[PDB]
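S.K.: here's a sequence, model it:
(chains A and B, ligands or ions: 1)
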Amino acid sequence: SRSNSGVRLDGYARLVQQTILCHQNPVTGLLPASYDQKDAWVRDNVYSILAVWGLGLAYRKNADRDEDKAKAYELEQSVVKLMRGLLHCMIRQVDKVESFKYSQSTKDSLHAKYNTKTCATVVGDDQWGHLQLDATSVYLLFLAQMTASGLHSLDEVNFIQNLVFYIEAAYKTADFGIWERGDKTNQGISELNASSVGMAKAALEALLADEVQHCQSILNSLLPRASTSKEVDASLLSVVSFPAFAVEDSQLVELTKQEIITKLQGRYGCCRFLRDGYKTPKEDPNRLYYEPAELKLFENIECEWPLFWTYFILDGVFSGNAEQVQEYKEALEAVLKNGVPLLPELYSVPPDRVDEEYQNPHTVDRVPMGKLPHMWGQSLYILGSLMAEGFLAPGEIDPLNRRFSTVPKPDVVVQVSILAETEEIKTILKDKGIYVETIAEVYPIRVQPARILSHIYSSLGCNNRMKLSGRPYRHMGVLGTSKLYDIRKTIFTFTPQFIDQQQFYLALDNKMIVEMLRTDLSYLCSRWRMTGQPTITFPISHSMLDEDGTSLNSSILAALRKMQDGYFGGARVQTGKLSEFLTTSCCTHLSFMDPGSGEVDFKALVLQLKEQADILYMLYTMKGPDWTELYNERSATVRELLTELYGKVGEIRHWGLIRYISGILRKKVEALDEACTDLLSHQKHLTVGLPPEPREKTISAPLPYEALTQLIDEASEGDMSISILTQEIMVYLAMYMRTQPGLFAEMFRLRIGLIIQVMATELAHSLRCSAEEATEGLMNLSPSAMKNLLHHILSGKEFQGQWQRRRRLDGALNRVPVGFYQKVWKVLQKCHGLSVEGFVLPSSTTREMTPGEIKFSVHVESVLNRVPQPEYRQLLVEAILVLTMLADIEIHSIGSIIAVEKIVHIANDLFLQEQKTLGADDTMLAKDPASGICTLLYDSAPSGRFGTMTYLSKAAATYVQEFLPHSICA
Amino acid sequence: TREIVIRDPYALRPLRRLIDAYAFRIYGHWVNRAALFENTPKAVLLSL
Ligand SMILES: C/C=C(\C)CC/C=C(\C)CCC=C(C)C
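M.R.: Numbers count the residues shown, from 1 in each chain, chains lettered A, B, ... in the order given. Please find the structure below.
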């Protein structure tokens, strides 16, 4: 090997020694960022040791002589030393890991910088924005990979598992990002970056799959966009490619790479993100933050980082390629010291040449500044060279086969065991043909609720010596409660979450349980990427039987018979005894569980209750609010009979009553924070009340269950029977996004109050009735019937007045056209802003929002979609797009903030005159008591000579006539 | 020219094609595709 491969290996040894290993501290093993930046970043240290690890691996695959063994051992032990030093850096902050485990706050996060001479902390928590889930996640990922490569106390194992819990909730934790500045605006605003989420997913996979697939949901929803305030980040290459490989969608990976190439790639590398301005000649060097008005200034002149082209060589090596264009384009290396490449950190447009670069993008000869060499980039450069020259293989750097993520994974067959709670239930199930086994017969396998599984993991990770307290109580979804568990040598199987949660009306409806089971199976068939085959334990309880008790629910039978047939829930299902499923299951072993009016005196007014059960309940709110857990003077309290009333109406299944009792007793869904976190996990915002704006409190970020529940209560303003609707509809939307997320495309802000109003309207026109009696029959809907209404609301299925209904359906669902937000970005260039109901969407937003941001989307949907009425909004949507339509033909720009409502109205006044003349009944046109827009205008089709969009075209042209006196149109 | 958009946006062809395309982008999820088209004033419509 020394003939022609040992000399080149020694050349790379000199490269790594003179670029990386020269700066490693003999005391700590950490690497200072540069001469000026003497501190050691976690992520930079982890990335900078990749070259050393790869060299050691190279040296070892050819280590036969001693000297070669000495070099390989030195390199491998340098890598081990660096990782151990970073460990004591994190170990010294065990009080921060423990605090972030429960309260994921930026003030309780691990520091990014550490003293390279003492493994201590250099700055204060307040001083750097230390929350960077990607640094800890990349450390965990490469700790898993290096160990799987043969690189070697239990206390640090407990600390590492507590770090697993630390980065476990990264799909819902705002971050300061890989660039440790949060959002682009650069005001220290913690933001959810897909880079951190993907790195956390990779670290967890290499090292509980529920939060792993939550991170997967974040990745699918966010890509190709980076985060809320970023169209694209070149750091996404660290997720869709080396080192995370956290995206298993090949199309998504290709789309993200193409977005990076098209938007950020330049002559001297790739810009980190659009309007970055980290080392641009336009920033203020001594000012830490960025004013929202200078972000425009950074456009088209952002610094291009050669570091990202090392990622483009790494993929290309990991995935075989002729991307030998990414190499050969890195001739932009500083010294050819002696001849050391010295990959720069970034290239900045020379200051004088700002105007030329702005105008002519990616064309000016930039200068190198920042760190030189960028050790994070230099290590990746050396690793890619090693890998590309045949001295290394993807399987040596990646012994965990993270690269095989993109390969299509086959559908999984979910084995289900239907277990009888009681033997009588088993007898009924058999009369009907499903042969099952009782929970007693399944012994020695012990069936437990998922609550017990969540509590068991709270004893994982605990060392009281360093004050680490297990894992926080997290709800285990279907993914967690589908593996079999080896606890104290006896196998424990756990039923899904939705079965033991019988505290809200959803569990009483057997159809709901069928629907929850179907959603769980659909989620399992797609998200199970685990060794073994998942096993859903489905016990048929006594509540699952019919009214008589000698027969089983039809819906539950039908579901079980379909599962026996192999298909239910979009999933192939194998039913059988739980004993048969031991050999082909994810039988994980939990080793931590081994031991070792008048008359205001309310003296006698409840006497009227002593049989309609509606009236009995009605009195009971007078006697609750006026008199909830107070006495009744008959060995009874207000709460007690309300619970008795709740049980009675559950037995009679008159759903309006159950909902009301639930509503005034403040029944709350336990897995509701999970529903909100799932809906927000898919990059969909939520608003909770009736539509006028203050009541409708928006949910932009995840909220803890107490807050979420409290936000729901205050959004009803005391008006009952909607606070429960918000939770129930949120749950249904979560299930439908888990199962049929295509239904939720072109939707970005779910207005629950508008949804409820549109369900009431649909119950009013279907089963024609008054809108009000329909608002009351919506109460009397079964939970599964209401879920069906929501399906039909979403998919627009029907059980001269049509176009008003559509305009309503789409507006309530807040459905926007494809490309609508980017089109709004275009008009804001022309006009000075849009005004809806007096609220202004200024053009200054575009000076800090790139068109494809999901932060500009929110800005638009907060000025436009806030309109209470469902249709008025869909018309305001048209008037914007006809404004977008006519902006292209118009050659000039106007200095007015255009009031879209007026264009809607001017079209309204243009609707009376034209229709009256074409000759239509004056009473045929009817104004709206809420919007002042003729009902027939809503009923009008979009296109045509009398189409509503044509009227707005005749309105916008007659609107901008006084603003634009002259209009040399194209 | 503006006057044409004000008077008869539809006849002028280039604009109509745009109007009809915008109708679909927004509302082709509801799709003869004619439902998205209204060439009768509701009176000649509600005549039968
Ligand atoms: C050529 C004139 C029209 C086609 C009338 C409709 C256009 C406008 C009223 C102005 C559009 C320009 C913006 C910046 C919104």
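S.K.: give me the longest helix you can find in chain B.
M.R.: helix B:13-27 (DSSP state H).
S.K.: just the buried positions in that helix, please.
M.R.: Residues of helix B:13-27 classed as buried by neighbour count (16 or more other C-beta atoms under 10 Å in any protein chain shown): B:15, B:16, B:18, B:19, B:20, B:22, B:23, B:24, B:26, B:27. Placement of C-beta: from N, CA and C, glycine included.
S.K.: can you pull the contacts of the first one?
M.R.: Spelled out, it's residue B:15. Listed by C-beta atoms under 8 Å, 6 or more residues apart in numbering or on different chains, the contact set of residue B:15 reads A:889, A:953, B:4, B:5, B:9.
S.K.: next, format those residues as a markdown table and append secondary structure and distance to residue A:167.
M.R.: What follows is the contacts of residue B:15, written out as a markdown table (DSSP: H, G, I helix; E, B strand; the rest coil; distance: C-beta to C-beta, whole Å):
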| residue | secondary structure | distance to residue A:167 |
| --- | --- | --- |
| A:889 | helix | 52 |
| A:953 | helix | 53 |
| B:4 | helix | 61 |
| B:5 | helix | 56 |
| B:9 | coil | 56 |
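S.K.: from those residues, which would you call buried?
M.R.: Neighbour counting with 16+ other C-beta under 10 Å marks A:953, B:5, B:9 as buried within the contacts of residue B:15.
S.K.: coming back round to it: what is the nearest of the buried residues of helix B:13-27 to residue A:79?
M.R.: Of all the buried residues of helix B:13-27, residue A:79 sits closest to residue B:26, with 56.7 Å by C-beta to C-beta.
S.K.: tell me who's in contact with the closest residue to the ligand within the stretch 801-950 of chain A.
M.R.: Relative to the ligand, the nearest point of the stretch 801-950 of chain A is residue A:830 (2.9 Å; C-beta to the nearest ligand atom). Under the criterion of C-beta under 8 Å, 6+ apart, the contact list for residue A:830 reads A:887, A:890, A:893, A:894.
S.K.: filter those to the buried ones?
M.R.: Among the contacts of residue A:830, those classed as buried by 16+ other C-beta under 10 Å are A:887, A:890, A:894.
S.K.: adding distance to residue A:699 and secondary structure as columns, could you present the contacts of residue A:830 in TSV?
M.R.: Putting the contacts of residue A:830 into TSV (distance: C-beta to C-beta, whole Å; DSSP: H, G, I helix; E, B strand; the rest coil) gives the following:
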residue	distance to residue A:699	secondary structure
A:887	33	helix
A:890	38	coil
A:893	36	coil
A:894	36	coil
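S.K.: any idea how far residue A:570 is from the one residue in the stretch 301-450 of chain A that gets nearest to chain B?
M.R.: The nearest approach of the stretch 301-450 of chain A to chain B comes at residue A:411, 28.1 Å away (C-beta to the nearest C-beta). Distance, residue A:411 to residue A:570, using C-beta to C-beta, to the nearest Å: 9 Å.
S.K.: of these two, who's got more company?
M.R.: Per other C-beta atoms under 10 Å in any protein chain shown, whichever of residue A:411 and residue A:570 has more neighbours is residue A:570, with 16 against 12.
S.K.: sec struct for the residue nearest to that one when sequence neighbours are not counted, please.
M.R.: Sequence neighbours aside, residue A:522 is the residue nearest to residue A:570 in space, at 4.5 Å (criterion: C-beta to C-beta, 6 or more residues apart in numbering or on different chains). Per DSSP: H, G, I helix; E, B strand; the rest coil, the local secondary structure of residue A:522 is helix.
S.K.: and residue A:522, how many neighbours does it have?
M.R.: Using other C-beta under 10 Å, residue A:522 has 20 neighbouring residues.
S.K.: correct me if wrong: it contacts residue A:569.
M.R.: Yes. Judged on C-beta atoms under 8 Å, residue A:522 makes contact with residue A:569 at a distance of 4.8 Å.
S.K.: overlap in contacts, those two.
M.R.: Counting by C-beta under 8 Å, 6+ apart, nothing touches both residue A:522 and residue A:569.
S.K.: quickly find the element holding the nearest residue to residue A:40 once chain neighbours are set aside.
M.R.: Using C-beta to C-beta, 6+ apart and skipping residues adjacent in sequence, the residue nearest residue A:40 is residue A:30, 3.7 Å away. In the assignment (DSSP states H and E), residue A:30 maps to no helix and no strand.
S.K.: residue A:30: neighbouring residues, count only.
M.R.: Other residues close to residue A:30 by other C-beta under 10 Å number 28.
S.K.: do residue A:258 as well
M.R.: Residues near residue A:258, counting by other C-beta under 10 Å, number 12.
S.K.: phi, psi of it?
M.R.: phi -70, psi -40 (degrees, to the nearest 10).
S.K.: cool, and residue A:930?
M.R.: According to degrees, to the nearest 10, residue A:930 has phi -110, psi -40.
S.K.: that one is in contact with residue A:867, isn't it?
M.R.: No. Contact criterion C-beta under 8 Å: residue A:930 and residue A:867 do not qualify, at 10.3 Å.
S.K.: tell me which of the two has more neighbours.
M.R.: More neighbours surround residue A:867 than the other of residue A:930 and residue A:867, with 25 against 10 (other C-beta under 10 Å).
S.K.: which residue, other than its chain neighbours, is closest to the more buried one?
M.R.: residue A:873 (4.2 Å).
S.K.: any idea how far the helix or strand harbouring the one you found is from the chain center?
M.R.: If you go by DSSP H and E, residue A:873 is part of helix A:870-889. Averaging C-alpha positions (C-alpha atoms, centre = their mean, to the nearest Å) puts helix A:870-889 30 Å from its chain's average.
S.K.: and it with the ligand, contact?
M.R.: Yes. Helix A:870-889 lies within reach of the ligand by C-beta under 6 Å from any ligand atom, at A:883, A:886, A:887, A:889.
S.K.: in JSON lines: the residues you listed, plus distance to residue A:730.
M.R.: Compiled in JSON lines, the residues of helix A:870-889 next to the ligand are given as follows (distance: C-beta to C-beta, whole Å):
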{"residue": "A:883", "distance to residue A:730": "34"}
{"residue": "A:886", "distance to residue A:730": "39"}
{"residue": "A:887", "distance to residue A:730": "38"}
{"residue": "A:889", "distance to residue A:730": "43"}
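S.K.: close to the ligand: what parts of chain B are there?
M.R.: Contact residues (C-beta under 6 Å from any ligand atom) of chain B with the ligand: B:2, B:5.
S.K.: which non-adjacent residue is nearest residue A:432?
M.R.: Excluding its sequence neighbours, the residue lying closest to residue A:432 (C-beta to C-beta, 6+ apart) is residue A:557, at 5.7 Å.
S.K.: residue contacts, the spatially most central residue of chain A?
M.R.: In chain A, the residue lying closest to the centroid (C-alpha atoms, centre = their mean) is residue A:681, at 2.2 Å. The contact partners of residue A:681, by C-beta under 8 Å, 6+ apart, come to A:171, A:172, A:214, A:217, A:218, A:221.
S.K.: can you count the residues close to the third one?
M.R.: So that's residue A:214. Residue A:214 has 25 neighbours, counted by other C-beta under 10 Å.
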